[PDB]
Every structure is written in structure tokens, then in C-alpha cells.
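Peer 1: Sharing protein-v7.cif, mmCIF, C-alpha atoms and all ligand atoms:
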```cif
data_coords
loop_
_atom_site.label_atom_id
_atom_site.label_comp_id
_atom_site.auth_asym_id
_atom_site.auth_seq_id
_atom_site.Cartn_x
_atom_site.Cartn_y
_atom_site.Cartn_z
CA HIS A 1 54.78 124.50 -164.97
CA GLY A 2 53.22 126.20 -162.01
CA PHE A 3 50.42 128.46 -160.81
CA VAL A 4 49.77 131.28 -158.39
CA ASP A 5 49.53 129.50 -155.02
CA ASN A 6 48.36 132.42 -152.87
CA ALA A 7 48.31 136.18 -152.52
CA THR A 8 48.20 139.10 -150.13
CA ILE A 9 45.44 141.50 -151.20
CA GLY A 10 44.21 144.46 -149.16
CA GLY A 11 46.63 143.28 -146.52
CA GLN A 12 44.93 139.88 -146.20
CA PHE A 13 46.16 136.39 -147.09
CA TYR A 14 44.26 134.33 -149.63
CA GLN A 15 45.02 130.79 -150.71
CA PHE A 16 44.23 130.55 -154.40
CA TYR A 17 42.31 127.73 -156.07
CA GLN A 18 44.34 124.52 -155.55
CA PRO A 19 44.12 122.19 -158.56
CA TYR A 20 45.86 119.34 -156.63
CA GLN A 21 43.65 119.67 -153.49
CA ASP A 22 40.27 121.29 -154.17
CA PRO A 23 38.74 118.92 -156.73
CA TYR A 24 38.96 115.91 -154.43
CA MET A 25 37.09 117.38 -151.51
CA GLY A 26 33.43 116.54 -151.10
CA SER A 27 32.77 120.28 -151.02
CA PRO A 28 35.51 122.32 -152.74
CA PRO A 29 36.32 125.49 -150.76
CA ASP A 30 35.13 128.96 -151.84
CA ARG A 31 38.01 130.86 -153.44
CA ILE A 32 38.78 134.32 -154.81
CA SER A 33 40.59 132.77 -157.79
CA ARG A 34 39.22 130.80 -160.67
CA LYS A 35 39.51 127.07 -161.31
CA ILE A 36 42.57 125.85 -163.25
CA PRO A 37 43.31 122.28 -164.45
CA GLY A 38 46.73 121.91 -162.88
CA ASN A 39 50.17 123.41 -163.46
CA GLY A 40 50.43 122.82 -167.24
CA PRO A 41 50.52 125.35 -170.10
CA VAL A 42 47.92 126.68 -172.49
CA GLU A 43 49.35 126.74 -176.01
CA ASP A 44 46.39 127.91 -178.14
CA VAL A 45 46.03 131.73 -178.40
CA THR A 46 42.67 131.24 -180.17
CA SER A 47 41.16 129.31 -177.22
CA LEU A 48 39.11 130.71 -174.35
CA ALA A 49 41.61 128.79 -172.19
CA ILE A 50 44.05 131.67 -172.81
CA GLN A 51 41.78 133.93 -170.72
CA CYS A 52 41.68 132.26 -167.28
CA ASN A 53 43.18 128.84 -168.14
CA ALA A 54 41.42 125.69 -169.43
CA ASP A 55 37.92 124.70 -168.29
CA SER A 56 37.79 127.58 -165.86
CA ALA A 57 34.79 128.97 -164.01
CA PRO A 58 33.91 132.06 -161.97
CA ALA A 59 35.09 132.13 -158.33
CA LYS A 60 32.63 132.52 -155.47
CA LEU A 61 34.51 135.28 -153.58
CA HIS A 62 36.15 138.67 -154.10
CA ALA A 63 39.11 140.16 -152.24
CA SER A 64 38.64 143.78 -151.07
CA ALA A 65 41.47 146.22 -151.82
CA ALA A 66 41.94 149.96 -152.20
CA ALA A 67 42.73 151.35 -155.62
CA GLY A 68 46.43 152.26 -155.62
CA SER A 69 47.35 149.48 -153.15
CA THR A 70 49.90 146.73 -153.80
CA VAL A 71 49.09 143.04 -154.29
CA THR A 72 51.59 140.20 -153.81
CA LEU A 73 51.23 137.02 -155.81
CA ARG A 74 53.27 133.95 -154.89
CA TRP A 75 53.98 131.31 -157.55
CA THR A 76 54.84 127.71 -157.07
CA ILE A 77 58.52 127.01 -157.90
CA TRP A 78 59.29 128.28 -161.41
CA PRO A 79 61.58 126.13 -163.59
CA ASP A 80 64.73 128.00 -164.74
CA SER A 81 64.24 126.99 -168.37
CA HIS A 82 60.89 128.90 -168.49
CA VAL A 83 62.22 132.33 -169.44
CA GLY A 84 59.60 134.79 -170.66
CA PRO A 85 57.54 137.87 -169.87
CA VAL A 86 55.15 138.29 -166.94
CA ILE A 87 51.97 140.29 -167.62
CA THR A 88 48.96 141.42 -165.59
CA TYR A 89 45.59 142.64 -166.84
CA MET A 90 42.29 143.69 -165.26
CA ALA A 91 38.69 143.86 -166.46
CA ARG A 92 35.64 145.45 -164.81
CA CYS A 93 32.96 142.93 -163.91
CA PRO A 94 29.30 143.83 -163.87
CA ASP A 95 28.31 145.69 -160.69
CA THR A 96 26.37 142.53 -159.74
CA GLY A 97 29.81 140.87 -159.23
CA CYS A 98 32.38 138.68 -160.96
CA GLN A 99 30.94 135.48 -159.41
CA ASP A 100 28.73 134.61 -162.39
CA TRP A 101 30.48 136.55 -165.16
CA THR A 102 33.00 135.48 -167.74
CA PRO A 103 33.94 137.77 -170.61
CA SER A 104 33.11 136.27 -173.99
CA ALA A 105 35.77 135.44 -176.58
CA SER A 106 35.04 138.77 -178.31
CA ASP A 107 34.54 140.98 -175.23
CA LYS A 108 37.20 143.73 -175.43
CA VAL A 109 37.22 144.34 -171.68
CA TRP A 110 40.82 143.71 -170.60
CA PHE A 111 43.35 146.43 -169.86
CA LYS A 112 47.02 145.76 -169.21
CA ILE A 113 48.21 147.10 -165.85
CA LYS A 114 51.77 145.68 -165.67
CA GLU A 115 54.32 143.98 -167.92
CA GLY A 116 57.92 142.88 -167.97
CA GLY A 117 59.91 141.27 -170.78
CA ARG A 118 63.53 140.46 -171.68
CA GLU A 119 66.29 142.66 -170.24
CA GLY A 120 67.98 143.79 -173.43
CA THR A 121 69.41 140.76 -175.23
CA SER A 122 70.47 138.96 -172.02
CA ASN A 123 68.98 135.81 -170.52
CA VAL A 124 67.37 137.74 -167.67
CA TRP A 125 63.60 138.06 -168.03
CA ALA A 126 60.66 139.17 -165.93
CA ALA A 127 60.12 135.47 -165.06
CA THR A 128 63.68 135.14 -163.70
CA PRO A 129 63.07 136.31 -160.11
CA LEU A 130 60.32 133.69 -159.76
CA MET A 131 62.95 131.00 -160.42
CA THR A 132 64.52 131.65 -156.95
CA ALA A 133 62.37 131.16 -153.85
CA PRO A 134 60.37 132.90 -152.52
CA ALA A 135 58.76 133.13 -155.99
CA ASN A 136 56.99 136.49 -155.48
CA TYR A 137 55.45 139.11 -157.79
CA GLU A 138 53.83 142.47 -157.02
CA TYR A 139 51.37 144.67 -158.89
CA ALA A 140 49.65 147.95 -158.04
CA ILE A 141 45.93 148.34 -158.59
CA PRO A 142 45.77 151.57 -160.60
CA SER A 143 44.87 154.35 -158.16
CA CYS A 144 42.26 156.00 -160.43
CA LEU A 145 39.99 152.96 -160.91
CA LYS A 146 36.33 153.52 -160.12
CA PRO A 147 35.20 151.30 -157.27
CA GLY A 148 33.69 148.01 -158.42
CA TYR A 149 34.30 144.33 -158.96
CA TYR A 150 37.22 143.48 -161.20
CA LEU A 151 38.82 140.36 -162.60
CA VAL A 152 42.62 140.20 -162.62
CA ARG A 153 44.37 138.07 -165.26
CA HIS A 154 47.96 137.22 -164.55
CA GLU A 155 50.32 135.17 -166.73
CA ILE A 156 53.82 134.01 -167.36
CA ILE A 157 54.57 133.24 -171.02
CA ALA A 158 57.38 130.68 -171.10
CA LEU A 159 59.32 130.87 -174.38
CA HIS A 160 61.80 127.99 -174.17
CA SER A 161 59.83 126.14 -176.86
CA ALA A 162 58.49 129.12 -178.87
CA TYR A 163 60.72 129.04 -181.98
CA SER A 164 57.63 128.04 -183.89
CA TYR A 165 53.90 128.06 -183.15
CA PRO A 166 52.30 126.35 -181.36
CA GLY A 167 55.13 126.54 -178.88
CA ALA A 168 54.83 129.49 -176.55
CA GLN A 169 53.52 128.32 -173.14
CA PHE A 170 50.95 130.53 -171.42
CA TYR A 171 50.26 130.10 -167.70
CA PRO A 172 47.20 132.35 -167.10
CA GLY A 173 45.05 132.55 -164.02
CA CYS A 174 42.36 134.87 -162.76
CA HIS A 175 41.39 136.28 -159.38
CA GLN A 176 38.57 138.52 -158.26
CA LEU A 177 38.78 141.91 -156.55
CA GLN A 178 36.43 144.39 -154.95
CA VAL A 179 38.29 147.62 -155.60
CA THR A 180 37.42 150.43 -153.19
CA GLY A 181 38.38 154.10 -152.87
CA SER A 182 38.09 157.49 -154.51
CA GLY A 183 38.92 156.64 -158.13
CA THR A 184 36.64 157.82 -160.92
CA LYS A 185 38.10 156.18 -164.05
CA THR A 186 36.89 153.31 -166.20
CA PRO A 187 39.49 152.28 -168.77
CA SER A 188 38.17 152.80 -172.32
CA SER A 189 41.30 152.51 -174.43
CA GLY A 190 43.88 149.79 -174.92
CA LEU A 191 41.10 147.26 -174.30
CA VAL A 192 41.49 143.74 -175.70
CA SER A 193 39.75 140.38 -175.65
CA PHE A 194 41.11 136.96 -174.69
CA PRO A 195 41.25 135.30 -177.17
CA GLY A 196 42.13 138.09 -179.57
CA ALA A 197 44.91 140.09 -177.91
CA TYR A 198 47.61 137.69 -179.07
CA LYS A 199 48.27 136.32 -182.52
CA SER A 200 50.40 133.31 -183.25
CA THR A 201 52.55 135.51 -185.51
CA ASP A 202 53.25 138.21 -182.88
CA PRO A 203 56.99 138.81 -182.48
CA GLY A 204 56.70 137.94 -178.77
CA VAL A 205 54.72 134.73 -179.35
CA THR A 206 56.77 133.13 -182.12
CA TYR A 207 60.16 133.98 -180.74
CA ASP A 208 63.67 132.54 -180.56
CA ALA A 209 64.77 133.06 -176.95
CA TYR A 210 68.21 131.61 -177.65
CA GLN A 211 69.42 134.29 -180.00
CA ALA A 212 70.80 137.60 -178.74
CA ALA A 213 67.74 139.64 -179.65
CA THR A 214 65.42 142.09 -177.88
CA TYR A 215 61.81 141.10 -177.06
CA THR A 216 58.48 142.76 -177.95
CA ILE A 217 55.97 142.06 -175.18
CA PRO A 218 52.59 140.95 -176.61
CA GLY A 219 49.32 142.78 -176.08
CA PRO A 220 48.18 146.37 -175.73
CA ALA A 221 49.83 149.35 -174.11
CA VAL A 222 49.90 149.52 -170.31
CA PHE A 223 47.01 151.48 -168.78
CA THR A 224 48.13 154.68 -167.06
CA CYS A 225 46.03 157.01 -164.87
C1 LIG A 301 52.50 130.91 -150.35
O1 LIG A 301 52.66 130.23 -151.56
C2 LIG A 301 54.07 130.13 -151.64
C3 LIG A 301 54.51 129.65 -153.02
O2 LIG A 301 54.19 128.29 -153.24
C4 LIG A 301 54.61 129.26 -150.49
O3 LIG A 301 56.00 129.51 -150.48
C5 LIG A 301 56.96 127.81 -149.95
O4 LIG A 301 56.81 128.16 -148.59
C6 LIG A 301 57.81 127.52 -147.81
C7 LIG A 301 57.47 127.65 -146.33
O5 LIG A 301 57.19 128.99 -146.01
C8 LIG A 301 59.16 128.13 -148.19
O6 LIG A 301 60.19 127.51 -147.44
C9 LIG A 301 59.43 127.99 -149.70
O7 LIG A 301 60.61 128.67 -150.08
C10 LIG A 301 58.22 128.46 -150.51
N1 LIG A 301 58.21 128.15 -151.93
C11 LIG A 301 58.18 129.07 -152.89
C12 LIG A 301 58.13 128.57 -154.31
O8 LIG A 301 58.21 130.27 -152.65
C13 LIG A 301 54.08 129.70 -149.13
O9 LIG A 301 54.32 128.76 -148.11
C14 LIG A 301 52.58 129.96 -149.19
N2 LIG A 301 52.15 130.63 -147.99
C15 LIG A 301 51.30 130.11 -147.12
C16 LIG A 301 50.99 130.96 -145.92
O10 LIG A 301 50.77 129.00 -147.24
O1 LIG A 302 57.30 119.79 -167.32
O2 LIG A 302 58.07 121.03 -167.01
CU CU A 303 56.52 124.04 -167.61
#
```
Do you think you could lay out the structure here as C-alpha cells?

Peer 2:
Amino acid sequence: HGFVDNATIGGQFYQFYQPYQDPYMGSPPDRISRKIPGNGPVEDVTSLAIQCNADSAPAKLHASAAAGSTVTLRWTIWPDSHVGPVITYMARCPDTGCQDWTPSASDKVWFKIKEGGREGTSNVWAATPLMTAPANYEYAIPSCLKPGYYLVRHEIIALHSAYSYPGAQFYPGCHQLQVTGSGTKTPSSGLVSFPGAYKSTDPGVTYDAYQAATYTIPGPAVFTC
């Protein structure tokens, strides 16, 4: 249980959508990140909720950043039972902006930019550092990306209850970037849709985290420039 609380993008601080603050205001604040219900998991890989969380909507703002630059995401406190991989994807929005665009359930627009899984057969996972404050994560915007508006999808997949399916707990959330710079590339391989990328039967989705086994991270190969 948790969500990305804020980030540092293009050197600037952004408070993400706040599910326990924003809905109660007379006028919810403009955000660079998309609405989420709260800190609970999505458990249905066939649902659009797996994309940007349940009952989401486009965000009003974008955060400017240079291709090749580093982004920091800061999670709320991550429970130590919630071992699992941490994965980040991007998708290019229309040049008219992400603010009124949501990929459809069959839009193969998402490319994986970073992933981490289980360290060998140990109990150390990519989620582990987030279990000790400050709960911080970094990713690099690929340096070759053509300037434009992009959605970023970030998730932890907690596997403490994933022996069968449904069981795996997905904690996805999306934020919006204006990528700038000298890049010329638009990813056109390793593209997937959400839903679609993950199947209930994937070895990393139905998974026994309490046996001494290695872990196959779900989804496509990582994009490389
Ligand atoms: C950024 O979001 C993070 C994560 O929720 C906040 O980090 C708590 O911040 C306090 C005060 O700085 C620390 O003592 C805790 O250790 C932090 N918790 C975690 C889970 O890291 C942080 O305060 C937010 N930043 C801003 C500027 O509001
Ligand atoms: O509820 O964790
Ligand atoms: Cu939880």
C-alpha cells in the first residue's frame, strides 16, 4: 500500500496527485500526475486500471525535462512484506499533449525504460530500498527520445500474495512529461498495451516469493538507445 508522493523532474519539485487531500477540496489542484483512488492495489491484469490505476484521468500539467536527465520519485512508506519488482514505462502522447489523452486498452504504445526484480534467489528485491526511508527511486529519461509529450507509468508489483492469481498486487501510477533536447528517436519495438502486457499466467505474475527461486520480470524488453 502506497503511491508516489512527489518527484524531482527537470530539477524541479512536484507534488503528485494526493488521493487523501485533493478530492475534498472545492477545486482540486492542477497536477502533473494522474488521479488514483488511494494507496490500494490493482489485482486485475485485464483491467484498464492496470495502466494508470483505477478510475484514473488525464492530468492538467506536464513537467519539462531534458532527454537523458534523471528523475527522482519518492514513495510513501513501503511495507516490508511487499517484496517485488519495480518497473517504469513511457509512452508518447499526441503532440497536442497528454492532458486529454489516454491510451486505449489495445494501444501498443508503452515502452519499458527501467526494471528491477529479485536479486538471485534471496529476499532482496527492487522494492526493498523503498522499505527504508527516504523511499526514493530514480530513472533516466532515455537520451535519444524525440522531444514531445510523454506519459510515464511507474509501478511496484508486490508478490507476497501471488502464489495464485488473482494475487499479485500492482501499484501503478502515471505522470506527464514534456521531454526536450536533441533526441531523434521514437520507440517502435518492444511496445505493449496496458492491459495486454501482462498475463495472469506469466511466471512473474503467478509466483511463489517464498521459495528459493529466481524471478522473471514481466513485460517487454527494456528500450535502449
Ligand atoms: C516527498 O515525499 C516523500 C515520501 O512520502 C516525503 O518523505 C517523509 O518526509 C519526512 C520529512 O522530510 C521524512 O522525515 C520522512 O522520512 C519521509 N518519508 C518517506 C517515506 O520517505 C517528503 O517529505 C516529501 N517532500 C516534500 C517536499 O513534501
Ligand atoms: O494493507 O497493507
Ligand atoms: Cu499493501

Peer 1: Give me, as a tab-separated table, the closest atom pair and its distance (Å, one decimal) for every residue of chain A within a cut-off of 9 Å of ligand LIG 301 (chain A), counting all atoms listed in the file, rows sorted by chain and rising number.

Peer 2:
```
residue	atom	partner	partner_atom	distance
A:3	CA	A:LIG301	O2	8.5
A:4	CA	A:LIG301	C3	7.3
A:5	CA	A:LIG301	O1	4.7
A:6	CA	A:LIG301	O1	5.0
A:7	CA	A:LIG301	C1	7.1
A:13	CA	A:LIG301	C16	7.4
A:14	CA	A:LIG301	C16	8.4
A:15	CA	A:LIG301	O10	7.0
A:16	CA	A:LIG301	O1	8.9
A:73	CA	A:LIG301	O1	8.1
A:74	CA	A:LIG301	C3	4.9
A:75	CA	A:LIG301	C3	4.9
A:76	CA	A:LIG301	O2	3.9
A:77	CA	A:LIG301	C12	3.9
A:78	CA	A:LIG301	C12	7.2
A:130	CA	A:LIG301	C12	7.8
A:131	CA	A:LIG301	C12	8.2
A:132	CA	A:LIG301	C12	7.6
A:133	CA	A:LIG301	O8	4.4
A:134	CA	A:LIG301	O8	3.4
A:135	CA	A:LIG301	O8	4.4
A:136	CA	A:LIG301	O8	6.9
```

Peer 1: Nearest residue to ligand CU 303 (chain A) out of A:152, A:157, A:174, A:144, using only C-alpha atoms and all ligand atoms?

Peer 2: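 Of A:152, A:157, A:174, A:144, the one nearest ligand CU 303 (chain A), counting only C-alpha atoms and all ligand atoms, is A:157.
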
Peer 1: Taking all atoms of range 164-176 of chain A that the file lists and extending 3 Å past them on each side, where is the centre of the axis-aligned box and how long are its edges? Answer in Å to one decimal, as JSON.

Peer 2:
```
{"center_x": 48.1, "center_y": 132.4, "center_z": -171.1, "size_x": 25.1, "size_y": 18.2, "size_z": 31.6}
```

Peer 1: Could you tell me which of A:80, A:55, A:44, A:119 comes closest to ligand LIG 302 (chain A) if we count all atoms listed in the file?

Peer 2: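 Using all atoms listed in the file, the shortest distance to ligand LIG 302 (chain A) belongs to A:80.
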
Peer 1: For residue 199 in chain A, which of A:47, A:176, A:72, A:128 is the closest residue, counting only C-alpha atoms?

Peer 2: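 Using only C-alpha atoms, the shortest distance to residue 199 in chain A belongs to A:47.
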
Peer 1: Determine, counting only C-alpha atoms, which protein, DNA and RNA residues have an atom within 9 Å of an atom of range 221-225 of chain A; residues of the same chain fewer than 6 positions away are not included. Present the result as an mmCIF file with C-alpha atoms, in the coordinates of the input.

Peer 2:
```
data_model
loop_
_atom_site.group_PDB
_atom_site.id
_atom_site.type_symbol
_atom_site.label_atom_id
_atom_site.label_comp_id
_atom_site.auth_asym_id
_atom_site.auth_seq_id
_atom_site.Cartn_x
_atom_site.Cartn_y
_atom_site.Cartn_z
ATOM 1 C CA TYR A 89 45.590 142.640 -166.840
ATOM 2 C CA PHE A 111 43.350 146.430 -169.860
ATOM 3 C CA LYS A 112 47.020 145.760 -169.210
ATOM 4 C CA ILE A 113 48.210 147.100 -165.850
ATOM 5 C CA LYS A 114 51.770 145.680 -165.670
ATOM 6 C CA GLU A 115 54.320 143.980 -167.920
ATOM 7 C CA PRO A 142 45.770 151.570 -160.600
ATOM 8 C CA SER A 143 44.870 154.350 -158.160
ATOM 9 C CA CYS A 144 42.260 156.000 -160.430
ATOM 10 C CA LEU A 145 39.990 152.960 -160.910
ATOM 11 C CA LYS A 185 38.100 156.180 -164.050
ATOM 12 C CA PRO A 187 39.490 152.280 -168.770
ATOM 13 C CA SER A 189 41.300 152.510 -174.430
ATOM 14 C CA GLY A 190 43.880 149.790 -174.920
ATOM 15 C CA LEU A 191 41.100 147.260 -174.300
#
```

Peer 1: With a cut-off of 9 Å, could you pull out the residues of chain A touching ligand LIG 302 (chain A) and give me the nearest pair of atoms for each, distance in Å to one decimal, using all atoms listed in the file, ordered by chain and ascending number, as a Markdown table?

Peer 2:
```
| residue | atom | partner | partner_atom | distance |
| --- | --- | --- | --- | --- |
| A:1 | CA | A:LIG302 | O2 | 5.2 |
| A:2 | CA | A:LIG302 | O2 | 8.7 |
| A:39 | CA | A:LIG302 | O1 | 8.9 |
| A:40 | CA | A:LIG302 | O1 | 7.5 |
| A:79 | CA | A:LIG302 | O2 | 7.1 |
| A:81 | CA | A:LIG302 | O2 | 8.7 |
| A:82 | CA | A:LIG302 | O2 | 8.5 |
```

Peer 1: Tell me, in Å to one decimal, how far CA of residue 140 in chain A is from CA of residue 171 in chain A.

Peer 2: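 Separating CA of residue 140 in chain A from CA of residue 171 in chain A is a distance of 20.3 Å.
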
Peer 1: Neighbours of residue 96 in chain A within 12 Å (all atoms listed in the file; same-chain residues fewer than 6 positions away dropped), as a list in words?

Peer 2: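 Result of the neighbour search: residues 62, 148, 149, 150 and 178 of chain A.
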
Peer 1: For ligand CU 303 (chain A), which residue out of A:139, A:125, A:170, A:20 is the nearest one, using only C-alpha atoms and all ligand atoms?

Peer 2: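 Distance minimum relative to ligand CU 303 (chain A) lands on A:170.
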
Peer 1: Would you work out the distance separating CA of residue 218 in chain A from CA of residue 127 in chain A, expressed in Å to one decimal?

Peer 2: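 Going from CA of residue 218 in chain A over to CA of residue 127 in chain A, I get 14.8 Å.
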